[PDB]
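Asker: Mind having a look at this structure? Questions to follow.
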Amino acid sequence: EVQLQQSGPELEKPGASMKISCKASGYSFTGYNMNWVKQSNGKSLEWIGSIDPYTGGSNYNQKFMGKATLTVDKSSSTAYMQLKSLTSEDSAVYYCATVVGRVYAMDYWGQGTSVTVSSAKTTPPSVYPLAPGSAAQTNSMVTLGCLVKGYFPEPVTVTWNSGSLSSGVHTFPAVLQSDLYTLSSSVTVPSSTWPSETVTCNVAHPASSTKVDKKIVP
Amino acid sequence: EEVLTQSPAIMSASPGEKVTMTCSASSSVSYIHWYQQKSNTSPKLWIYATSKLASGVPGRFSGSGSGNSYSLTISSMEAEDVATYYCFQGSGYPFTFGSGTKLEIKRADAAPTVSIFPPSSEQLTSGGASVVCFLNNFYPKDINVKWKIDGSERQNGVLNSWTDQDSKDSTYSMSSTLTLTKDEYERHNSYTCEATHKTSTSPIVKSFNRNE
Amino acid sequence: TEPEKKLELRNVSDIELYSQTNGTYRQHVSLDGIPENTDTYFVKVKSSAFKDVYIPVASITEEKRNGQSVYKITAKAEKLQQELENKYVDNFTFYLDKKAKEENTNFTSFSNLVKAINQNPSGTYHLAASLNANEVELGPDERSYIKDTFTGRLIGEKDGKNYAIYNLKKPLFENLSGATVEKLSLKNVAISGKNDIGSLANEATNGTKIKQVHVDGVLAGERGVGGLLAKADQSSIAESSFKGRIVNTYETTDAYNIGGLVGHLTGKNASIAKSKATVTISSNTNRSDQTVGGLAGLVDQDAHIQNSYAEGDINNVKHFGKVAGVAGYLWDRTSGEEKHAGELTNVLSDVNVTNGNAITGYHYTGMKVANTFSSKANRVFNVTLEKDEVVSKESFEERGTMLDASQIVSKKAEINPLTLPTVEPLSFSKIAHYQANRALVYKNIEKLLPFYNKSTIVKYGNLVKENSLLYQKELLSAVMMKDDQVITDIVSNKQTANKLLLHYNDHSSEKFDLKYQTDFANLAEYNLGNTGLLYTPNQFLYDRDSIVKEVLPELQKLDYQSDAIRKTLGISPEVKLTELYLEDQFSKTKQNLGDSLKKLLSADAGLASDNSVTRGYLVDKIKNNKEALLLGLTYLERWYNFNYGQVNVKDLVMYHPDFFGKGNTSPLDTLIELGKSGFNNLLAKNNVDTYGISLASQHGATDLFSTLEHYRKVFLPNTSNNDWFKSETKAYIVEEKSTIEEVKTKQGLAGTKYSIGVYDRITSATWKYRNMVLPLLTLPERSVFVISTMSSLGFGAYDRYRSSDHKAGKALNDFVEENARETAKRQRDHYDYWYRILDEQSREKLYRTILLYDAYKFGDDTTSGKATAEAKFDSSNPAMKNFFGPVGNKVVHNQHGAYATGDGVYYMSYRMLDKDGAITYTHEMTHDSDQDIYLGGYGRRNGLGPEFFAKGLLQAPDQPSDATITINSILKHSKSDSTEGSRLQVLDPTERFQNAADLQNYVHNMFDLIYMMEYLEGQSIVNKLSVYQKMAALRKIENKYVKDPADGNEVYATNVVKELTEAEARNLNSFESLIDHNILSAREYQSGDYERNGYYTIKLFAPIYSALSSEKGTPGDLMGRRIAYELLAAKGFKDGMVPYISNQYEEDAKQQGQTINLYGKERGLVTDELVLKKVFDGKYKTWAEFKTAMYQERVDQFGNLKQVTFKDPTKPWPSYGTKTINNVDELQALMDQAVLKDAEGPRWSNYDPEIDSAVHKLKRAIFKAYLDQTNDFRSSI
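Protein chains in written order, with PDB author numbering: chain H, 1 to 218; chain L, 1 to 212; chain A, 674 to 1100, 1109 to 1958.
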């Protein structure tokens, strides 16, 4: 089927410029109009500009007038969204679209490019042990945790009990403090099996190559 | 510009319940194109041209509208239905998206197992301090948490992050962090944080000592 | 034997009956029924020469004529005596028949035919004669005349030689399945819909035969458009013929495919073959998925085209969307089978497509054409990059002047369909006293008083004298009070109108004082001056106040944005009503609605009915289209509020339709029809074509300009029509004429191609902006500054030139008008200059006119500098809402730049009235007028570029201060001005230049001085330079025969520049060695290669010792520009330069045997060596020899004589007085020091290492000394 492959996730410093690209297959790239949208976590999703691949046509939203422009490569069957004067607001996942019968979606949308913009250097996260106060230990199951605080940029992965435990853990949404990212995760395990047993979090973060584990102490 | 105004922003309905969202534009357009989105996923079209349903969609999902008044009508609520929605419009330039509405389950209100763990020896070598606590599989979201230093109420150095409605039980986890320097951690032997819930009038307090 | 005066209808074309029994007025045409108990009927009688007459019936009977029941009918009137069967009667009566059976057969009536096809979808249908489709109501929102999707199994016009149906607003069948329909044609078609609109039907699902069909007229819907069927579904269509105006301006976001025969070609068994079409097709593509194939298009599912030829033109607004002359989208939504694409055979169109491809919209390696042909039209589409630029795709098979021979491949031409119904006039004699000489007078005075005994009509005729102009043919006259074109009889009936204008076939009128000599309530009559004839305006003076009391309130409550008005309007909810620009006039018409409706039914119909029930029909007739009545009268008011001297034409067109003949036509009805006509017709721009649909055949007139031309003869005769046009509009226009007496005499000629006349030029055919005559005419104030100059028409916005320092009121107006006169002087002097050069009889194309539109960046007075505002649409700018916007001219409008479509110019970076914009005006003129204008009727060099002809070859100096060999024809400046210092350019052109021969003298000398200094330069250099100083002094030039995307051949040579090697520099030991090493100074040049058609110019004194002439057909840019500058400095522009830059020896090249294939056409190639010989076969056999002889000739020329009177500063700010260089050796000795110093410690970095450089200072030191020394560059010896 037609499949769209946007660029890999990228991060740039503000007041700068970057170009992303959406790959095309199983369809006449040039014959179906393309489209681009910006994906804001805080706000809904909002269209930037539709693009005509065969003749390199470009329609721009009043919001993105001049901020960004659209290019295309018919031979490589891959469009190019050009971004200039990049700002912290621009930071977002992007998404290419294919217009069929006046409709940009579901067919087709790319996997997504997590465009980010930053003046913060790569940082490894702070990991500390998390768990109970007065009575939650008595429970049949007591949850323990590991912090992923003050790190840059996201992606992150985690393992538990030296990787022996990969289930009952619950990953918690990420939040950004002082410009460095933060996130959490749990380890529901029997309380009858802790501190009686012990666990450490084998956290693997690719961009900052972090491998730091924290033992949980009652 | 044509605005699109979906409401309510979030709706809680028991499975099998009748749920509808109301989107209103700034102009009148012949067709409206709906768009389901899961949390943190690329979205897909569910209806288009106002009533023309998208493929791979259940019959329960319906749509209607005229003038500046448009809406999507789903006859029955399911777990698969729990998703964001946008009546995106492209009939008029510039193409615009709906304000944003997300379906949610209506569930029994669970009471949480609260957390609280001291700053680690690895944190103390750094010279800082960070205690943090969670509220276990609790519903509805609505929860209020306090923090304390030696049993003295504190609301600073505090950072709270909410889990999103889960999938299997669709009940929410939680975590809040009390972060101060080692100086404060050593100064206050006792550290306290307590939840507040309609499910349990009594706030669920959990604490651990510096000495234990 | 005095007769009596009584009511009598003489032209009784037919009698009709309507009844209010059901509370609605309904026609009892037949099966009326035995006489009804109540005479609720009212008899409306139609007259071919007079408006329908009305009265209530007073008696009705049913008696057998010949044992043949016929419903007798009678009517009571005040005095309606009828001369029935040569017997006078008291009141009119007739007899209506029982029934007709010409509906079982569909041969006779369109109304009968639509009913017949609806009882049986499957049948054989035949036509007895050509008929009117106006019979049908059309429905409020009915999709098409026929609801059935399967219909017309065998509809035929073969029984008669040919027939067609005229006046169509809806598709015919709506869908066809296994339906054969051929020999069927239409004429006044106007089908508009918000659905997928096809002229014949929406679709043909199975095999259906569409052959020898010849549709013609207007077709345009908001959503979809197909030439006959919206799309072709497995159906055979061939030898078809749609020639009509089709446009989809509406910006629908669906990817609608439009087609010449079918928007989507989907049949595998199907195919379109040997078909014909023509169109003013245009559209805004926007979507690549949307495809316009010119001939059907969207070829898909194995659809084959069998030798089809169409001659229609495309004007696409959006470059991005896919469109082409023969195929819009060869590609398929299914898999790309070479076979599912479909096939194209023997196909040629002369489409002048814009923003679209020539033949196929989608080009794929497996193109399924193999028989490609194209005509010489325009295919240039705009790239719209940072700078706006327009070029052809150059991917089509071109053909020459044998297009007519190619047209002969088409098998058939057309058929001549029999004319529609006639119902002739049958315009008296057989009277007690008849004078044959006064027969025409009797006809002329039958117009002056209607409803008068024929005996009384002739009685008045007897009173006429031999001298009377009534003896001359008298067209319909009209009554006016103090030139108010009074139409309100009910108000000014008591009032006495100043004069009666007796219109003649001479198209002139005579004035007779009127007076209310006699008053009759049945009819009001006036005195005919001293002559003593009588005169009654045609009306029954009925009680209009009762109608007035009820009509005004319901119509009064209407909204411009009202959805119901939109629902009656032919417009979708999504589209913005901006194009109407009628909101201002929507409010005005509503404010004046009471007087407007007073002037409307004052002469609407003939009513002798005292009964008030009859008056209600008129009220019912109005409310029905209240929404359209408002829109129509508003539309007419917006576009007809201009006076011929003291007489507003609004009354002339809005009412008094009889004045230009055809008084029988219903004036009230022409307004309601014009209101429902549809927003496509009501579209501002559509006024011209809407003159065809509505104002032609209702006024019995042919063209809007023709009616306006007919109107000067009637009003203000002895004043020129262009004079009526010039005097009347608010906008300031100026027609400065050229000094040459012959051209000035031609500017005098009202004849086309010679007249400077703006009215004439706008009215002239082949002018796309002829529709711009209405919006200009109704312009509220002087918001439009306009100019007229040889082969051009200036247009600009006062608001564009509005800014701080230019106050909007008076001050802005004063600077703008004065600037317009100054620029008008600058433009016309440049054209007068070009005329002196052009003596090759290319003056046959001397007056080609093109538009000069401004940026539309209408700035505030507050804005400090030029505005960057798009002002795209719906702005408070009076200039945009009253002009440019009504005559919509959508453009790429760049933030910066000035571009031309080849038929027009556009200004954004510069301003049309800007003095610096003048140089840009010539630059655009270089881009357009060249192909056969500046060139001698031979196309530009095959590789020589479009913008390679102006940057250096042919443009004004960008500034006098700027230094480049150029002609300053555009700018004339005073000698007393401070710009005299470093003027470096002609102070006054056209005075030193009286002929091209005088230009040849001017450049030989100008280039002798350039030639003198260049040799003074090299000698110093080749003689005294360090080896390292030689490295930085010079540069080498090469030519790359690189592949170009447009042409498969890579023979185009491209001047590329690079530094010469140290070993290469040691070799040079002579001035000739500079000529042999082809190395030129790097002082004003960088090694970055020069792109073909790139912006490269000739520095005023950059030494060029290079003659790198390509054996290849094209040489490059600077070398091509440089060698052409010396070719002018040697041979006359026509004599030598034109041969070198017009590929005119291509036929000689084919004789030589040199050839290049172009556009898939074997073509000739022309080489520098070949033209080197044609220009100089024996004088020199090498370019090196030609330049070498130029130099030694030049050596003797400087050596024998040079003036002593060369004095220059060439010193620092402290002024230096007199160099007084007596001899060349003294100049050379001074030169050796200045250049040696220039080579010592050279920065050759930062900026300006030239105007600052000592060598250039010295080069422009003795050059300026010569320019100052000589009145002109006339002789140097």
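Note that the Cβ used here is the ideal one computed from N, Cα and C, for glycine as well.
Against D73 (chain H), what residues of chain A qualify as contacts under a CB-to-CB distance less than 9 Å, listed in chain order?
Answerer: On the first sequence, residue 73 (chain H) is found 73 positions in, with the first residue counted as 1. Correct list: empty, because the minimum Cβ distance to chain A is about 15 Å.
Asker: At which residue ranges does the stretch 1203-1276 of chain A contain complete alpha helix (DSSP H) runs of 4 or more residues, listed in the order of the chain?
Answerer: 1225-1237, 1244-1249 and 1264-1272
Asker: Is the distance from the Cβ of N137 (chain L) to the Cβ of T171 (chain L) below 9 Å?
Answerer: For the purposes of this step, residue 137 (chain L) is taken as residue 137 along the second sequence, with counting starting at 1. For the purposes of this step, residue 171 (chain L) is taken as residue 171 along the second sequence, with counting starting at 1. Yes, the Cβ-Cβ distance between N137 (chain L) and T171 (chain L) is below 9 Å.
Asker: Would a C-beta distance cut-off of 9 Å place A92 (chain H) and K19 (chain H) closer than the cut-off?
Answerer: Translated into the one-based positions of the first sequence, residue 92 (chain H) becomes position 92. Translated into the one-based positions of the first sequence, residue 19 (chain H) becomes position 19. Result no, Cβ atoms of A92 (chain H) and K19 (chain H) do not sit closer than 9 Å.
Asker: Is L971 (chain A) near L934 (chain A), with beta carbons less than 9 Å apart?
Answerer: If you number the third sequence from 1, residue 971 (chain A) lands on position 298. If you number the third sequence from 1, residue 934 (chain A) lands on position 261. Result no, Cβ atoms of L971 (chain A) and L934 (chain A) do not sit closer than 9 Å.
Asker: In the DSSP assignment, find the beta strand (DSSP E) that holds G65 (chain L) and state where it starts and stops.
Answerer: Numbered from its first residue, the second sequence carries residue 65 (chain L) at position 65. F61 to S66 is the span of the beta strand (DSSP E), which, as asked, contains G65 (chain L).
Asker: At a Cβ threshold of 9 Å, is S173 (chain L) touching chain H?
Answerer: Locating residue 173 (chain L) in the second sequence gives position 173, where the first residue counts as 1. So, interface residue.
Asker: Should the stretch 1178-1193 of chain A be called in touch with the stretch 1233-1251 of chain A, which here means at least 3 C-beta pairs below 8 Å?
Answerer: no
Asker: Within the same chain, show all residues whose beta-carbon is closer than 6 Å to that of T958 (chain A), passing over the 5 residues directly before and after it, in chain order.
Answerer: Residue mapping note: residue 958 (chain A) aligns to position 285 of the third sequence, counting from 1. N989, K991, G994 and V996.
Asker: Just reading off the beta strand (DSSP E) that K102 (chain L) is part of, what are its end residues?
Answerer: Taking the first residue of the second sequence as position 1, residue 102 (chain L) is located at position 102. Here the beta strand (DSSP E) through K102 (chain L) covers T101 to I105.
Asker: Spell out whether any CB of chain L is found under 9 Å from the CB atom of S1790 (chain A).
Answerer: Mapped onto the third sequence, residue 1790 (chain A) falls at position 1109. It does not; no Cβ of chain L falls within 9 Å.
Asker: Taking contact to mean 3 or more Cβ pairs, one atom from each stretch, closer than 8 Å, check whether the stretch 65-83 of chain L and the stretch 8-26 of chain L are in contact.
Answerer: Two segments are said to touch when three or more pairs of C-beta atoms, one from each, lie closer than 8 Å; by this definition the stretch 65-83 of chain L touches the stretch 8-26 of chain L.
Asker: Under 7 Å Cβ to Cβ from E1 (chain H), same chain only, skipping five residues before and after it: list those, please.
Answerer: To locate residue 1 (chain H), count along the first sequence from 1; it is residue 1. Around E1 (chain H): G26.
Asker: Taking 9 Å as the CB-CB limit, is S30 (chain L) close to chain A?
Answerer: For the purposes of this step, residue 30 (chain L) is identified with residue 30 of the second sequence, where counting begins at 1. Cβ-Cβ to chain A under 9 Å: yes for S30 (chain L).
Asker: Could you round the C-beta distance between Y1733 (chain A) and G1624 (chain A) to whole angstroms and report it? I think they count as a contact, below 8 Å.
Answerer: Position 1052 of the third sequence, counting from 1, holds the residue named residue 1733 (chain A). Position 943 of the third sequence, counting from 1, holds the residue named residue 1624 (chain A). Sure, about 4 Å apart at Cβ, within 8 Å.
Asker: Just the Cα atoms here: how many angstroms apart are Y1035 (chain A) and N777 (chain A)?
Answerer: Locating residue 1035 (chain A) in the third sequence gives position 362, where the first residue counts as 1. Locating residue 777 (chain A) in the third sequence gives position 104, where the first residue counts as 1. Their backbone Cα atoms lie some 51 Å apart in a straight line.
Asker: Residues of chain H with CB closer than 8 Å to the CB of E122 (chain L), please, in chain order.
Answerer: Position 122 of the second sequence, counted from the start, is the residue given in the question as residue 122 (chain L). In chain order: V127, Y128 and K214.
Asker: Count the C-beta pairs between the stretch 1474-1484 of chain A and the stretch 1546-1561 of chain A that are closer than 8 Å, then say yes if the count reaches three, no if not.
Answerer: Yes, they touch.
Asker: Spell out whether any CB of chain L is found under 9 Å from the CB atom of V217 (chain H).
Answerer: For the purposes of this step, residue 217 (chain H) is identified with residue 217 of the first sequence, where counting begins at 1. Output row for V217 (chain H): interface = yes.
Asker: Report the residue from H:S119, H:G150 and H:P132 whose alpha carbon sits nearest the alpha carbon of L86 (chain H).
Answerer: Start at 1 with the first residue of the first sequence, and residue 86 (chain H) comes out as number 86. Cα-wise, what sits closest to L86 (chain H) is H:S119.
Asker: Flag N35 (chain H) as yes if its beta-carbon sits less than 9 Å from any beta-carbon of chain L, otherwise no.
Answerer: Taking the first sequence and counting its residues from 1, one reaches residue 35 (chain H) at position 35. Output row for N35 (chain H): interface = yes.
Asker: What does the alpha-carbon distance come out to for the pair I48 (chain H) and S28 (chain H)?
Answerer: Stepping through the first sequence from its first residue, residue 48 (chain H) is reached at position 48. Stepping through the first sequence from its first residue, residue 28 (chain H) is reached at position 28. The alpha-carbon of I48 (chain H) is positioned some 22 Å away from that of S28 (chain H).
Asker: Identify the contact partners of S961 (chain A) in chain H, using a Cβ-Cβ distance below 8 Å as the criterion.
Answerer: The residue given as residue 961 (chain A) occupies position 288 in the third sequence. Near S961 (chain A) (Cβ distances below 8 Å), the residues of chain H are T30, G31, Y32, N33, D52, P53, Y54, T55 and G57.
Asker: Compare the C-beta of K1449 (chain A) with all C-beta atoms of chain H and state if any pair is closer than 9 Å.
Answerer: On the third sequence, position 768 is the one that residue 1449 (chain A) refers to. Answer no: the Cβ-Cβ gap between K1449 (chain A) and chain H never drops below 9 Å.
Asker: Using a Cβ-Cβ distance cut-off of 9 Å, determine whether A136 (chain H) contacts chain L.
Answerer: Here residue 136 (chain H) refers to the residue found at position 136 when the first sequence is read from its first residue. At least one chain L Cβ lies under 9 Å of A136 (chain H).
Asker: Fully enclosed by the stretch 1728-1808 of chain A, which beta strand (DSSP E) runs are 3 residues long or longer?
Answerer: 1734-1739 and 1760-1762
Asker: For the stretch 969-994 of chain A, list the alpha helix (DSSP H) runs that are entirely contained and at least 4 residues long, ordered along the chain.
Answerer: none
Asker: Give the interface partners of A928 (chain A) over in chain H, defined as CB-CB distance under 7 Å, in chain order.
Answerer: On the third sequence, position 255 is the one that residue 928 (chain A) refers to. Correct list: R102.
Asker: Return the residues of the stretch 1604-1634 of chain A that lie within a Cβ-Cβ distance of less than 7 Å from chain L, sorted by chain order.
Answerer: For the stretch 1604-1634 of chain A, no residue has a beta-carbon sitting nearer than 7 Å to a beta-carbon of chain L.
Asker: Taking just the CA atoms, how far does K1855 (chain A) sit from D1829 (chain A)?
Answerer: Here residue 1829 (chain A) is taken as the residue at index 1148 of the third sequence, counted from 1. Here residue 1855 (chain A) is taken as the residue at index 1174 of the third sequence, counted from 1. Their Cα atoms are separated by approximately 9 Å.
Asker: Please identify the residue among A:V1415, A:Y1223, A:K1180 and A:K1128 whose C-alpha is closest to the C-alpha of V1172 (chain A).
Answerer: Here residue 1172 (chain A) refers to the residue found at position 491 of the third sequence. The shortest CA-to-CA distance from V1172 (chain A) to any of A:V1415, A:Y1223, A:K1180 and A:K1128 is the one to A:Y1223.
Asker: For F823 (chain A), does the three-state DSSP call read helix, strand or coil?
Answerer: Start at 1 with the first residue of the third sequence, and residue 823 (chain A) comes out as number 150. Looking at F823 (chain A) - three-state DSSP - the assignment turns out to be coil, as it is neither helix nor strand.
Asker: So is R102 (chain H) buried or exposed if we call it buried at 16+ other beta carbons inside 10 Å?
Answerer: The count along the first sequence starts at 1 and reaches residue 102 (chain H) at position 102. So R102 (chain H) counts as buried.
Asker: Return the residue from the list H:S208, H:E12, H:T171 and H:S191 that minimises the CA-CA distance to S88 (chain H).
Answerer: Residue mapping note: residue 88 (chain H) aligns to position 88 of the first sequence, counting from 1. Selected option, being the one with the closest Cα: H:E12.
Asker: Check this for me: beta carbons of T78 (chain H) and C146 (chain H), under 9 Å apart or not?
Answerer: Indexing the first sequence from 1 puts residue 78 (chain H) at position 78. Indexing the first sequence from 1 puts residue 146 (chain H) at position 146. Not closer than 9 Å, so no.
Asker: Indicate the three-state DSSP secondary structure (helix, strand or coil) for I1651 (chain A) in the structure shown.
Answerer: Within the third sequence, residue 1651 (chain A) is the residue found at index 970, counting from 1. Residue state, collapsed to three classes: coil.
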